[PDB]
file structure-v1.cif (mmCIF, C-alpha atoms and all ligand atoms)
data_query
#
loop_
_atom_site.label_atom_id
_atom_site.label_comp_id
_atom_site.auth_asym_id
_atom_site.auth_seq_id
_atom_site.Cartn_x
_atom_site.Cartn_y
_atom_site.Cartn_z
CA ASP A 15 89.74 50.23 -21.07
CA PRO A 16 89.55 46.83 -19.32
CA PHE A 17 90.99 45.19 -22.47
CA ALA A 18 94.04 47.44 -22.87
CA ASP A 19 96.41 45.66 -20.49
CA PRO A 20 97.15 42.07 -21.62
CA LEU A 21 96.77 40.38 -18.22
CA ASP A 22 93.64 42.35 -17.30
CA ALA A 23 92.29 41.60 -20.79
CA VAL A 24 92.80 37.83 -20.77
CA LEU A 25 91.26 37.67 -17.28
CA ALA A 26 88.28 39.62 -18.60
CA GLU A 27 87.96 37.21 -21.52
CA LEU A 28 88.14 34.29 -19.07
CA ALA A 29 85.38 35.87 -16.99
CA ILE A 30 83.19 36.39 -20.08
CA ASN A 31 83.60 32.68 -20.85
CA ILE A 32 82.30 31.50 -17.46
CA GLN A 33 79.18 33.68 -17.30
CA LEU A 34 75.63 32.48 -17.53
CA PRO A 35 75.11 33.00 -21.29
CA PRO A 36 72.65 35.73 -22.36
CA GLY A 37 70.01 33.35 -23.72
CA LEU A 38 69.81 31.41 -20.47
CA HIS A 39 70.25 34.55 -18.36
CA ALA A 40 67.16 35.98 -20.07
CA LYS A 41 65.17 32.88 -19.06
CA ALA A 42 66.18 32.54 -15.40
CA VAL A 43 63.55 34.75 -13.75
CA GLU A 44 60.60 33.28 -15.67
CA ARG A 45 61.95 29.81 -14.90
CA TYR A 46 61.75 30.23 -11.13
CA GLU A 47 58.48 32.15 -11.37
CA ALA A 48 57.03 29.14 -13.19
CA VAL A 49 58.17 26.94 -10.29
CA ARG A 50 56.36 29.21 -7.84
CA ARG A 51 53.22 29.11 -9.98
CA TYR A 52 53.35 25.30 -9.91
CA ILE A 53 53.76 24.90 -6.15
CA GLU A 54 50.90 27.43 -5.67
CA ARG A 55 48.52 25.47 -7.92
CA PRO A 56 45.29 23.97 -6.54
CA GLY A 57 45.89 20.68 -4.75
CA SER A 58 49.50 21.45 -3.93
CA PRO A 59 50.43 21.06 -0.25
CA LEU A 60 51.84 24.58 -0.44
CA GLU A 61 48.74 26.17 -1.99
CA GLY A 62 48.29 29.56 -0.35
CA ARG A 63 51.39 29.01 1.78
CA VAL A 64 54.06 30.84 -0.28
CA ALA A 65 54.91 34.27 1.08
CA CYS A 66 57.58 35.10 -1.48
CA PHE A 67 60.11 33.64 -3.90
CA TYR A 68 63.53 35.22 -4.23
CA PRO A 69 66.98 34.42 -5.61
CA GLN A 70 69.86 33.84 -3.22
CA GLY A 71 73.51 33.09 -3.85
CA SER A 72 75.03 34.06 -7.16
CA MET A 73 71.82 35.02 -8.96
CA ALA A 74 71.13 37.60 -6.24
CA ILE A 75 74.47 39.34 -6.88
CA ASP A 76 74.97 38.87 -10.64
CA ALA A 77 77.81 36.41 -9.95
CA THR A 78 76.60 33.20 -11.62
CA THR A 79 79.25 30.98 -13.20
CA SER A 80 79.31 27.62 -14.84
CA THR A 81 78.90 25.00 -12.14
CA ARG A 82 81.80 23.06 -10.62
CA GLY A 83 82.90 20.20 -12.84
CA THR A 84 81.45 21.76 -16.00
CA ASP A 85 81.85 24.61 -18.43
CA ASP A 86 78.27 24.57 -19.77
CA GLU A 87 75.88 23.87 -16.87
CA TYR A 88 74.62 26.36 -14.29
CA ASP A 89 72.87 26.19 -10.92
CA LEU A 90 70.53 28.88 -9.56
CA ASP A 91 69.53 29.11 -5.89
CA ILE A 92 65.96 30.16 -5.10
CA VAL A 93 64.32 30.58 -1.70
CA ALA A 94 60.63 29.80 -1.18
CA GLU A 95 59.47 31.49 2.03
CA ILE A 96 56.71 29.26 3.46
CA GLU A 97 53.95 30.20 5.94
CA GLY A 98 51.45 28.31 8.07
CA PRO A 99 52.00 25.71 10.78
CA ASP A 100 55.64 24.87 11.44
CA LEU A 101 55.86 21.13 12.12
CA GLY A 102 59.62 20.82 11.75
CA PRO A 103 62.32 20.93 9.10
CA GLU A 104 61.80 17.45 7.68
CA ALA A 105 58.07 18.02 7.19
CA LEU A 106 58.80 21.34 5.48
CA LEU A 107 61.07 19.60 2.96
CA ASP A 108 58.42 16.88 2.59
CA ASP A 109 55.84 19.53 1.64
CA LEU A 110 58.16 21.17 -0.91
CA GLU A 111 59.10 17.83 -2.44
CA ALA A 112 55.42 16.86 -2.65
CA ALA A 113 54.46 20.21 -4.23
CA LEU A 114 57.16 19.75 -6.88
CA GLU A 115 55.90 16.25 -7.70
CA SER A 116 55.46 15.66 -11.44
CA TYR A 117 56.97 19.06 -12.22
CA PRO A 118 57.92 18.70 -15.95
CA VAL A 119 61.71 18.84 -15.75
CA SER A 120 64.42 16.27 -16.44
CA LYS A 121 64.62 15.15 -12.81
CA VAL A 122 63.70 16.26 -9.30
CA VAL A 123 66.13 15.38 -6.51
CA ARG A 124 65.56 15.81 -2.79
CA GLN A 125 68.66 17.13 -1.02
CA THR A 126 69.49 17.72 2.65
CA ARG A 127 68.41 21.38 2.55
CA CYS A 128 66.65 21.89 -0.78
CA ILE A 129 64.93 20.29 -3.75
CA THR A 130 66.91 20.35 -7.01
CA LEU A 131 65.22 20.73 -10.40
CA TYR A 132 67.47 19.57 -13.25
CA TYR A 133 66.54 21.06 -16.63
CA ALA A 134 67.22 19.70 -20.10
CA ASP A 135 69.15 22.80 -21.21
CA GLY A 136 71.63 22.69 -18.30
CA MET A 137 70.39 25.63 -16.19
CA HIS A 138 69.18 24.02 -12.96
CA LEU A 139 67.33 25.35 -9.89
CA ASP A 140 67.89 24.51 -6.23
CA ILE A 141 64.72 25.40 -4.29
CA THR A 142 65.31 26.01 -0.56
CA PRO A 143 62.17 26.41 1.59
CA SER A 144 62.55 28.91 4.43
CA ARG A 145 60.69 29.96 7.55
CA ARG A 146 60.63 33.65 8.38
CA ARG A 147 61.43 34.24 12.07
CA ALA A 148 61.88 38.01 12.49
CA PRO A 149 60.61 41.24 10.87
CA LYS A 150 63.93 42.18 9.24
CA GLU A 151 64.03 41.29 5.55
CA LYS A 152 64.40 38.37 5.44
CA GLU A 153 65.64 36.96 8.73
CA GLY A 154 64.71 33.33 9.30
CA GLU A 155 65.71 29.68 9.05
CA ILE A 156 66.14 26.91 6.49
CA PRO A 157 65.75 23.15 7.06
CA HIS A 158 68.48 20.55 7.34
CA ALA A 159 67.02 17.07 7.14
CA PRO A 167 69.09 14.80 13.36
CA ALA A 168 66.90 17.29 11.52
CA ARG A 169 67.31 20.93 12.53
CA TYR A 170 66.66 24.49 11.45
CA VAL A 171 69.58 26.72 10.45
CA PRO A 172 69.34 30.53 10.86
CA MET A 173 70.00 32.59 7.76
CA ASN A 174 69.43 35.94 6.13
CA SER A 175 70.60 35.39 2.57
CA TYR A 176 68.28 38.14 1.30
CA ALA A 177 69.95 40.89 3.31
CA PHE A 178 73.40 39.48 2.47
CA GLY A 179 72.61 39.80 -1.23
CA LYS A 180 71.46 43.41 -0.80
CA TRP A 181 74.56 44.21 1.29
CA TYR A 182 76.83 42.75 -1.40
CA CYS A 183 75.07 44.70 -4.14
CA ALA A 184 75.47 47.93 -2.16
CA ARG A 185 79.23 47.32 -1.96
CA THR A 186 79.53 46.69 -5.73
CA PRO A 187 77.98 49.61 -7.63
CA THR A 188 78.05 49.21 -11.39
CA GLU A 189 81.27 50.48 -12.98
CA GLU A 190 80.24 52.07 -16.25
CA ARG A 191 83.31 51.74 -18.49
CA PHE A 192 84.06 48.20 -17.28
CA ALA A 193 80.46 47.00 -17.52
CA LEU A 194 79.75 48.44 -20.97
CA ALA A 195 82.94 46.96 -22.41
CA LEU A 196 82.58 43.46 -20.97
CA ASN A 197 78.86 43.23 -21.70
CA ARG A 198 79.35 44.32 -25.31
CA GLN A 199 81.79 41.43 -25.75
CA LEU A 200 79.69 38.91 -23.82
CA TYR A 201 76.70 39.68 -26.03
CA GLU A 202 78.72 39.89 -29.26
CA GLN A 203 80.12 36.39 -28.64
CA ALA A 204 76.49 35.24 -28.43
CA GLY A 205 75.59 36.90 -31.74
CA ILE A 206 73.75 39.80 -30.08
CA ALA A 207 74.24 43.56 -30.52
CA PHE A 208 74.54 45.18 -27.07
CA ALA A 209 73.93 48.87 -27.84
CA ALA A 210 74.38 51.12 -24.78
CA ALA A 211 76.37 54.35 -24.37
CA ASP A 212 75.52 54.63 -20.67
CA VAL A 213 74.51 52.14 -17.98
CA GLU A 214 71.38 54.21 -17.28
CA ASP A 215 69.72 53.53 -20.64
CA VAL A 216 70.68 49.95 -21.57
CA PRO A 217 68.10 48.37 -23.94
CA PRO A 218 65.91 46.14 -21.75
CA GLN A 219 66.32 43.30 -24.28
CA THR A 220 70.08 43.16 -23.55
CA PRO A 221 70.48 43.99 -19.86
CA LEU A 222 73.75 44.14 -17.98
CA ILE A 223 74.96 40.71 -16.92
CA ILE A 224 78.39 41.89 -15.69
CA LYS A 225 78.44 44.97 -13.48
CA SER A 226 81.46 45.14 -11.15
CA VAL A 227 85.18 44.35 -11.17
CA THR A 228 84.72 43.06 -7.62
CA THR A 229 82.15 40.53 -8.79
CA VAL A 230 84.15 39.52 -11.85
CA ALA A 231 87.13 38.86 -9.57
CA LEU A 232 84.80 36.86 -7.30
CA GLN A 233 83.64 34.84 -10.30
CA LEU A 234 87.27 34.04 -11.13
CA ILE A 235 87.93 33.09 -7.48
CA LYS A 236 84.99 30.67 -7.69
CA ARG A 237 86.26 29.30 -11.01
CA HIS A 238 89.70 28.73 -9.45
CA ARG A 239 87.94 26.95 -6.57
CA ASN A 240 85.86 24.88 -8.99
CA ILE A 241 88.99 23.70 -10.78
CA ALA A 242 91.03 22.91 -7.68
CA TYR A 243 88.05 20.92 -6.23
CA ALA A 244 86.47 19.75 -9.50
CA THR A 245 85.86 16.14 -8.39
CA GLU A 246 85.85 16.60 -4.60
CA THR A 247 82.94 14.71 -3.06
CA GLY A 248 83.58 16.16 0.40
CA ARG A 249 82.96 19.73 1.45
CA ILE A 250 84.51 22.50 -0.63
CA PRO A 251 85.25 26.13 0.35
CA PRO A 252 81.83 27.82 0.38
CA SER A 253 80.95 30.49 -2.15
CA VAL A 254 79.01 32.57 0.36
CA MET A 255 82.20 32.95 2.41
CA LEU A 256 84.07 33.91 -0.77
CA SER A 257 81.29 36.32 -1.79
CA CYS A 258 81.35 37.90 1.67
CA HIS A 259 85.11 38.46 1.47
CA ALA A 260 84.69 39.90 -2.03
CA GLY A 261 82.19 42.39 -0.63
CA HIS A 262 84.57 43.35 2.18
CA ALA A 263 87.43 43.73 -0.36
CA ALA A 264 85.37 45.81 -2.81
CA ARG A 265 87.31 48.84 -4.02
CA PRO A 266 86.05 51.24 -6.71
CA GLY A 267 88.33 51.76 -9.69
CA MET A 268 90.64 48.78 -9.16
CA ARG A 269 91.94 46.82 -12.13
CA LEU A 270 90.88 43.19 -12.51
CA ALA A 271 94.18 41.38 -11.87
CA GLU A 272 94.89 43.63 -8.89
CA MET A 273 91.45 42.90 -7.42
CA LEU A 274 91.77 39.14 -8.04
CA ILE A 275 95.11 39.12 -6.18
CA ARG A 276 93.53 41.18 -3.40
CA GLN A 277 90.61 38.78 -2.93
CA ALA A 278 92.83 35.68 -3.05
CA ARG A 279 95.09 37.12 -0.36
CA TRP A 280 92.10 38.34 1.67
CA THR A 281 90.81 34.78 2.18
CA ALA A 282 94.26 33.17 2.36
CA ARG A 283 95.47 35.56 5.06
CA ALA A 284 92.27 35.16 7.08
CA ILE A 285 92.81 31.40 7.02
CA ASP A 286 96.50 31.77 7.87
CA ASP A 287 95.72 33.93 10.91
CA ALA A 288 93.20 31.43 12.28
CA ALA A 289 95.50 28.48 11.58
CA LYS A 290 98.31 30.27 13.46
CA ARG A 291 96.14 30.09 16.58
CA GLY A 292 94.94 26.54 16.02
CA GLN A 293 91.55 28.00 15.17
CA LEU A 294 89.26 27.74 12.17
CA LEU A 295 88.27 30.57 9.86
CA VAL A 296 85.18 32.42 11.13
CA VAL A 297 83.16 34.62 8.74
CA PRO A 298 79.86 36.09 10.03
CA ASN A 299 77.01 37.31 7.85
CA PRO A 300 77.49 41.13 7.92
CA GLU A 301 73.70 41.54 8.00
CA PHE A 302 72.98 38.77 10.50
CA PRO A 303 76.01 38.00 12.67
CA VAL A 304 74.66 34.88 14.39
CA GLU A 305 74.79 33.23 10.96
CA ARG A 306 78.33 32.11 10.10
CA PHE A 307 79.30 31.47 6.49
CA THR A 308 81.88 29.10 8.00
CA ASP A 309 79.36 26.85 9.74
CA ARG A 310 79.94 23.96 7.32
CA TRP A 311 83.52 24.73 6.21
CA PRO A 312 86.29 24.41 7.26
CA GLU A 313 85.97 21.19 9.27
CA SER A 314 89.69 20.80 9.99
CA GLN A 315 93.06 22.50 9.80
CA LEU A 316 94.04 20.42 6.77
CA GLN A 317 90.96 21.57 4.87
CA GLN A 318 91.53 25.28 5.40
CA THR A 319 95.32 25.27 5.04
CA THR A 320 95.04 23.31 1.78
CA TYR A 321 92.79 26.01 0.33
CA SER A 322 95.04 28.82 1.58
CA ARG A 323 97.96 27.21 -0.25
CA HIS A 324 95.92 27.17 -3.48
CA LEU A 325 95.01 30.85 -3.00
CA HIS A 326 98.62 31.93 -2.40
CA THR A 327 99.72 30.05 -5.51
CA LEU A 328 97.06 31.87 -7.54
CA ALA A 329 97.86 35.31 -6.09
CA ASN A 330 101.63 34.85 -6.36
CA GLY A 331 101.47 33.72 -9.99
CA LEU A 332 99.24 36.59 -11.06
CA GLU A 333 101.56 39.00 -9.28
CA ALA A 334 104.61 37.51 -11.00
CA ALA A 335 102.80 38.05 -14.31
CA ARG A 336 102.16 41.74 -13.63
CA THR A 337 105.89 42.11 -12.96
CA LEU A 342 102.37 35.64 -22.06
CA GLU A 343 102.81 32.20 -23.59
CA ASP A 344 104.19 30.73 -20.39
CA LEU A 345 101.34 32.53 -18.64
CA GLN A 346 98.69 30.83 -20.79
CA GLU A 347 99.92 27.38 -19.73
CA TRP A 348 99.85 28.35 -16.06
CA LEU A 349 96.38 29.84 -16.56
CA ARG A 350 95.15 26.53 -18.01
CA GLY A 351 96.08 24.78 -14.77
CA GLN A 352 94.42 27.44 -12.63
CA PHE A 353 91.22 28.00 -14.60
CA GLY A 354 90.73 25.05 -16.97
CA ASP A 355 92.20 24.00 -20.32
CA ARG A 356 89.27 24.62 -22.67
CA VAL A 357 88.07 27.93 -21.21
CA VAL A 358 91.58 29.39 -21.22
CA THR A 359 92.07 28.27 -24.83
CA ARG A 360 88.81 29.99 -25.82
CA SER A 361 89.80 33.19 -23.99
CA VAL A 362 93.36 33.38 -25.37
CA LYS A 363 91.86 33.07 -28.86
CA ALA A 364 89.59 36.06 -28.21
CA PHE A 365 92.47 38.11 -26.80
CA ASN A 366 94.47 37.31 -29.95
CA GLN A 367 91.85 39.13 -32.05
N1 LIG B 401 75.70 30.08 6.25
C1 LIG B 401 75.86 29.32 5.17
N2 LIG B 401 75.11 29.55 4.05
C2 LIG B 401 75.29 28.74 2.97
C3 LIG B 401 76.25 27.72 2.95
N3 LIG B 401 76.18 27.12 1.73
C4 LIG B 401 75.22 27.75 1.00
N4 LIG B 401 74.69 28.77 1.75
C5 LIG B 401 73.60 29.70 1.37
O1 LIG B 401 73.06 29.28 0.13
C6 LIG B 401 73.30 30.26 -0.87
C7 LIG B 401 73.63 29.57 -2.18
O2 LIG B 401 74.79 28.79 -1.97
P1 LIG B 401 75.95 28.68 -3.06
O3 LIG B 401 75.38 28.08 -4.34
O4 LIG B 401 77.07 27.86 -2.49
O5 LIG B 401 76.38 30.23 -3.28
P2 LIG B 401 76.64 30.98 -4.66
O6 LIG B 401 76.97 32.40 -4.32
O7 LIG B 401 75.44 30.84 -5.54
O8 LIG B 401 77.92 30.24 -5.28
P3 LIG B 401 78.07 29.43 -6.66
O9 LIG B 401 76.85 28.55 -6.82
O10 LIG B 401 79.31 28.60 -6.49
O11 LIG B 401 78.19 30.47 -7.74
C8 LIG B 401 74.43 31.10 -0.33
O12 LIG B 401 74.41 32.43 -0.82
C9 LIG B 401 74.16 31.09 1.15
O13 LIG B 401 73.16 32.06 1.43
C10 LIG B 401 77.01 27.49 4.09
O14 LIG B 401 77.87 26.60 4.11
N5 LIG B 401 76.81 28.30 5.19
MG MG B 402 74.88 28.88 -6.19
#

call {"tool": "encode", "arguments": {"input": "structure-v1.cif", "output": "structure tokens"}}
result
Amino acid sequence: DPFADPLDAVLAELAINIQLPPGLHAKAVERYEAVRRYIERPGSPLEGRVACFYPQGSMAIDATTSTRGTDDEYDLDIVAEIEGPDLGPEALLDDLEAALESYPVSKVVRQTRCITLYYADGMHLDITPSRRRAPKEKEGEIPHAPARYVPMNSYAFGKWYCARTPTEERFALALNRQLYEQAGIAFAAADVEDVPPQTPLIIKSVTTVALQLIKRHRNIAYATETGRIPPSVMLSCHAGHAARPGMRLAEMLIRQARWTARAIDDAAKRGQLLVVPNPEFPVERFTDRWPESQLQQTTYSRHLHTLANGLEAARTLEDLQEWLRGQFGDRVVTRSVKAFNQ
């Protein structure tokens, strides 16, 4: 039972408290499908020009957390694959921004590579337009606007990650029952095969839960950083590489922290920067924007060693709760320790 051991159990409670809550989780797909419907409407510049709409990033791998700087807002990443004449990356973003004009949300913000839709309830959407470039699903490019195209295959990365993280029945059933119970909902499933469709699995894998805690640790250590932060797709890639069936949560969290820290250390030893290719599309590097310098990567490695070393000292819990507050956030740790008390 993932709640039997005290350290594994408090980490599980922490992970439950950073998930996309069930009520919002149940709205996410319809939300982005409504965006697609809007940009496909008559008069839109992108009328007839949308090939497909798909989640990328955390939503593609059931890894969504509260967004950096907050405990109660969430960002979802959606790709709009666009067809027709290619007149450059800036014009592609221009078309997407124009198609999203007057969309009834709190605010629409044009970013360097995407258009952001901020929603009143705190679950936001980043819409990245893409151009398909090759037959493989879904090998192509995204705009950066000098303006340039950037190769990517986030679709195949998501599928690759999911293949490495098959649902772990005992773990998933236990953590989902608690996630839903905290939200006032009866999650009633004896087996992962016949979960009631009204209460689907949100949590599926110890590997992903550890990855969510890695991202939370990152979000706390860089909560107010306005510069570049360690990228989640690099962390998600390493989590996929580190995936091991049947591992306990603390053990896996230590393993993933040391995976990234040691990879950084080995590059730094050579005066080189961390390099992490897309397993499904090796010309794409998940390290193309980060790290920019030795200081950046070695700073993050030091944070990761501190996390791994403290969790390992705990395996070998009132002093631990204070240390956890510094690593994962005061309020979320307080809420989790309360649940573990009962
Ligand atoms: N190659 C590359 N892709 C990126 C980079 N940043 C974002 N992406 C792509 O955009 C997707 C969404 O980015 P993120 O929001 O940072 O990833 P995430 O897994 O959703 O992480 P969280 O939002 O922190 O939960 C990623 O899965 C990547 O496909 C980057 O620096 N390099
Ligand atoms: Mg994201």

call {"tool": "closest_atom_pairs", "arguments": {"input": "structure-v1.cif", "of": "chain A", "to": "ligand MG 402 (chain B)", "cutoff": "6 Å", "atoms": "all atoms listed in the file", "output": "tab-separated table"}}
result
residue	atom	partner	partner_atom	distance
A:71	CA	B:MG402	MG	5.0
A:72	CA	B:MG402	MG	5.3
A:89	CA	B:MG402	MG	5.8
A:90	CA	B:MG402	MG	5.5
A:91	CA	B:MG402	MG	5.4

call {"tool": "write_last_selection", "arguments": {"input": "structure-v1.cif", "atoms": "C-alpha atoms", "output": "PDB file, keeping the file's coordinate frame"}}
result
ATOM      1  CA  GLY A  71      73.510  33.090  -3.850  1.00  0.00           C
ATOM      2  CA  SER A  72      75.030  34.060  -7.160  1.00  0.00           C
ATOM      3  CA  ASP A  89      72.870  26.190 -10.920  1.00  0.00           C
ATOM      4  CA  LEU A  90      70.530  28.880  -9.560  1.00  0.00           C
ATOM      5  CA  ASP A  91      69.530  29.110  -5.890  1.00  0.00           C
TER       6      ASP A  91
END

call {"tool": "residues_around", "arguments": {"input": "structure-v1.cif", "residues": "residue 212 of chain A", "least_positions_apart": "5", "cutoff": "9 Å", "atoms": "all atoms listed in the file", "output": "list in words"}}
result
residues 190, 191 and 194 of chain A

call {"tool": "residues_around", "arguments": {"input": "structure-v1.cif", "residues": "residue 278 of chain A", "least_positions_apart": "3", "cutoff": "9 Å", "atoms": "all atoms listed in the file", "output": "ChimeraX atom specification"}}
result
/A:235,273-275,281-283,322,325-326,328-329

call {"tool": "closest_atom_pairs", "arguments": {"input": "structure-v1.cif", "of": "chain A", "to": "ligand LIG 401 (chain B)", "cutoff": "6 Å", "atoms": "only C-alpha atoms and all ligand atoms", "output": "Markdown table"}}
result
| residue | atom | partner | partner_atom | distance |
| --- | --- | --- | --- | --- |
| A:70 | CA | B:LIG401 | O12 | 5.3 |
| A:71 | CA | B:LIG401 | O12 | 3.2 |
| A:72 | CA | B:LIG401 | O7 | 3.6 |
| A:78 | CA | B:LIG401 | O11 | 5.0 |
| A:79 | CA | B:LIG401 | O11 | 5.6 |
| A:91 | CA | B:LIG401 | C7 | 5.5 |
| A:175 | CA | B:LIG401 | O13 | 4.4 |
| A:252 | CA | B:LIG401 | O4 | 5.6 |
| A:253 | CA | B:LIG401 | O8 | 4.4 |
| A:254 | CA | B:LIG401 | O12 | 4.8 |
| A:305 | CA | B:LIG401 | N1 | 5.7 |
| A:306 | CA | B:LIG401 | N1 | 5.1 |
| A:307 | CA | B:LIG401 | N1 | 3.9 |
| A:308 | CA | B:LIG401 | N5 | 5.9 |
| A:309 | CA | B:LIG401 | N5 | 5.4 |
| A:310 | CA | B:LIG401 | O14 | 4.6 |

call {"tool": "residues_near_point", "arguments": {"input": "structure-v1.cif", "point": "(74.0, 27.4, -10.6)", "cutoff": "12 Å", "atoms": "only C-alpha atoms", "output": "PyMOL selection string"}}
result
chain A and resi 32-34+38-39+42+69-74+76-92+130-133+136-141+236+253

call {"tool": "residues_around", "arguments": {"input": "structure-v1.cif", "residues": "residue 58 of chain A", "least_positions_apart": "4", "cutoff": "9 Å", "atoms": "all atoms listed in the file", "output": "list in words"}}
result
residues 52, 53, 54, 62, 109, 112, 113 and 114 of chain A

call {"tool": "atom_distance", "arguments": {"input": "structure-v1.cif", "atom1": "atom CA of residue 197 of chain A", "atom2": "atom CA of residue 223 of chain A"}}
result
6.7 Å

call {"tool": "atom_distance", "arguments": {"input": "structure-v1.cif", "atom1": "atom CA of residue 332 of chain A", "atom2": "atom CA of residue 271 of chain A"}}
result
7.0 Å

call {"tool": "closest_residue", "arguments": {"input": "structure-v1.cif", "among": "A:242, A:289, A:159, A:364", "to": "residue 27 of chain A", "atoms": "all atoms listed in the file"}}
result
A:364
